[PDB]
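Letter by letter, the chains look like this.
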2 protein chains.
Amino acid sequence: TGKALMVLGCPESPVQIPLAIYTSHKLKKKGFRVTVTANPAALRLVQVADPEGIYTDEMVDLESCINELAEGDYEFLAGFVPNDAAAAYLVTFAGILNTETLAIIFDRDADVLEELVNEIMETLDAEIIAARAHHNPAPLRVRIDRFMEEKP
Amino acid sequence: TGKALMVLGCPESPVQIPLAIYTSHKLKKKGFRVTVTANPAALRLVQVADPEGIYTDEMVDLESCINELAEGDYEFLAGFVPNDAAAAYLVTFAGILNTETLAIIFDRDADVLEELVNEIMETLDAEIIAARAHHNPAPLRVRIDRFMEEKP
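Method of structure determination, per the deposited record: X-ray crystallography was used for this entry, reaching 2.20 Å resolution.

The structure is reproduced here in structure tokens:
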């Protein structure tokens, strides 16, 4: 019950936006109202992929969200992390929210994933899902389903 | 009252799946029953981006569709064309359906677009929407809205 914030990274990989929507839909089926925060193209991709706004509840540009966010605004935080820039934003958002946090890391290079995994472990108190994926969402979708079966 | 078939190419550009779903929703808004056909990765992206099956009606693998298709099964044909392989598939589907057809050509390189545009013109009797887009769907989205306010 409550509100959830979902942070997206720059969209390069085809699996991101689709998985962002899938994860949001999963959260909504648990009672959460979810807010998506991302750069301009990423938010646009979400808007056209879900033209009627059925899988999402609200959207806000990264900097604007950073400017208005305060502790207690959300009980759940989910961040997609395809790179350094995305990791740093999730860390920032996490420091402000101080709530249940989830990092979803992905890239096709195991080394890059390892670097991203290390970074999140050393900085945040957060559950991690990490998979080598670029075009096939399966690995991540299954692991997200699993996470969702238990953790709110 | 009719049916439309939507053909997708290999998913690389993040604008494809979202725009495919956007276009299908536009068609359903016009009364069409929309069938999406593409490769495994592509179909899986569509399914995770629209987990409730709200924006499309049916989905079938490329080869399976090619194996069951006959003239008259669809009143409209739309094909996304990011490359040569995708253009050849659209040509094949168009030869079988012999109906109102639409090619949505995209790539960031204007030269590549030119070759794809020429190819469709020399091989097909289809309306063409082309744009240099990779991650921002806007150019294509606006051009699709325009086509839709008057064609299918």
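Now that the structure has been shown, we can carry on.
Let us look at the relation of the copies chain B and chain A. For the match of chain B to chain A, the screw axis carries a shift of 0.1 Å, the RMSD comes to 0.3 Å, and the turn is 180°. This pairing of chains is accounted for by a two-fold axis. Looking at the rotation axis and the C-alpha trace of chain B, the residue lying nearest is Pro 14 of chain B, at 2.3 Å. Mapped onto chain A, 100% of the interface residues of chain B are again interface residues, and the two copies thus contact each other with one and the same surface.

Before going further, it helps to examine the sheet that holds strand β1 (residues 3-7) of chain B. Residues and elements named next belong to chain B. Taking strand neighbours across the sheet as the criterion, the six strands line up as β3-β2-β1-β4-β5-β6 in an open arrangement whose pairing is parallel. Each edge of the open sheet carries a strand with a single partner, namely β3 (58-61) and β6 (127-131). Mean inter-strand twist for the sheet, computed between neighbouring axes without regard to direction, equals 15°. Sheet analysis places strand β4 (residues 76-81) next to strand β5 (residues 100-106), joined by six bridges and oriented parallel. Each residue of the ladder has a partner; that of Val 81, found in β5, is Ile 105.

This brings us to the pairing of strand β5 (residues 100-106) of chain A. All names here are of chain A. Across the seven residues of β5, six count as buried, placing the element largely inside the fold. Handedness of the strand β4 (residues 76-81)-helix α4 (residues 84-97)-β5 crossover: right-handed. In this structure, β5 lies alongside strand β6 (residues 127-131), joined through five bridges in parallel fashion. Opposite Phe 106, over in β6, you have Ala 131 as the bridge partner. Following the backbone out of β5, through helix α5 (residues 110-123) and into the adjacent parallel β6, one traces a crossover that is right-handed.

Thresholds, definitions, all that
- Residues numbered from 1 in each chain as written, not as in the entry; some residues may be left out.
- Chains lettered and ligands numbered in written order.
- Heavy atoms only, no water.
- Residues with missing side-chain atoms left out of burial classes, pairs and counts.
- Least-squares fit on C-alpha atoms.
- Contact = heavy atoms within 4.5 Å.
- Pairing = 2+ DSSP bridges.
- Helix = DSSP H or I, 4+ residues; strand = E, 2+ residues; numbered from the N terminus.
- Axes fitted to C-alpha atoms, helices over the stretch in contact; angles between N-to-C directions.
- Buried < 20%, exposed > 50% of the residue type's maximum accessible area, 1.4 Å probe, protein only.
- Right-handed = clockwise from strand over helix to strand, strands pointing away.

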